[PDB]
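The form deposited in one PDB entry is given below as one chain in structure tokens.
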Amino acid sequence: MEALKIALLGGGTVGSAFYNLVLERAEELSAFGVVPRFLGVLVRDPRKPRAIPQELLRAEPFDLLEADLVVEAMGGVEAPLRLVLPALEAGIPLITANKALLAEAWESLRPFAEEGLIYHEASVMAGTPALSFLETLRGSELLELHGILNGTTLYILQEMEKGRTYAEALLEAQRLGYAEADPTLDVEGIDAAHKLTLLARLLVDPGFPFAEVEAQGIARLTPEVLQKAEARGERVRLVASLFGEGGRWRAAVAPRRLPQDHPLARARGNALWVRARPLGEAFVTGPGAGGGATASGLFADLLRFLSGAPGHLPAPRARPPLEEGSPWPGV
């Protein structure tokens, strides 16, 4: 039996849910041979209302180098980056839900990802299997990937189909805790693009640049546009696509007209749909946002780590696209 010393970065909706999940499931952890011991939780207001004991809160950065694991769910890029890099350099693993960090600081983080030190299941579709799903998909070669990777805009478009307005729906989405701190990252496709980039690096090209993703959000959409779609037997969704074009991988995020009976149009939550050779057509769906959904993901990764498995590795080498089949109907 040994102590698992955990440094937690961020004590918000995700951080808190993870804290409490780890202690609630400490009996599970003991079957893995460990007892969880939080060293501290980095936050901004150590004295306010929060679902973590006050004395564990740290309003200032603390030394991470005696941790066994760093868990991060701070949001942003450069600040978490500078906090996690010394831990990574010392060979301490990172479990993160922070898709922006990974997408936008890959030059610094890729070498540690390659050594199996970064676990990030929660960074795409929360604790819905996404990275694991593509790890198994690597048995086959991708032909096309399409996902609904942002819960806030899904929620908004579902509410707008029901005639509610953009602004009403966004407000609710923020209350449910789905939105990023700034909702612009959700509604302009950027959060989807961060996620798509991580999927591409796992499956098809370990150097895939976030900047190459062409992203457009849901700003031209209205309840009227959606009702007109429905009348054509279609649904409009924000879709994140990965596909070959003239010999290269291309990544896009955009609203798309889908047949109403397509798995992506129907799915209950976030969804990733793939066609691959030789497996065929596979998809996964579940909640893509929220405290508890994300904590599930982070805790999945902690069990992954504890069982002796490495983190999520980039593709070992860029793979050749098989199909030039750039699909699509935009809106």
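We call the rigid core whatever largest set of C-alpha positions still superposes within 1.5 Å between the two forms. Counting begins at 1, following the sequence as shown.
As recorded in the PDB entry, 24 to 32 is the stretch of 24 to 32 and 293 to 301 with the greater mean C-alpha temperature factor. Here 119 to 127 and 158 to 166 are compared by their mean Cα B-factor, and 158 to 166 comes out higher. Highest CA B-factor among the listed residues (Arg110, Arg232, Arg201, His194): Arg232.
Annotation for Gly247, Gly147, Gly139, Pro80: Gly247 ranks highest, by Cα B-factor. Residue-level temperature factors show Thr152 in the middle third of its chain, judged at the C-alpha atom.
In this PDB entry, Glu72 carries a Cα temperature factor that places it within the lowest third of its chain's modelled residues. Split the chain's modelled residues into thirds by C-alpha temperature factor. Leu56 is in the middle one. Ranked within its chain, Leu8 lands in the lowest third, by CA B factor from the PDB record. Ranked against the other modelled residues of its chain, the C-alpha B-factor of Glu180 as given in the entry falls in the highest third.
The protein also exists as the form deposited in another entry; that form is not presented, and the subsequent description refers to it.
Large C-alpha shift between the shown form and the other one, rigid core held fixed: of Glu234, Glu180, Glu104, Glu159, this applies to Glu180 alone, with a displacement of 2 Å or more.
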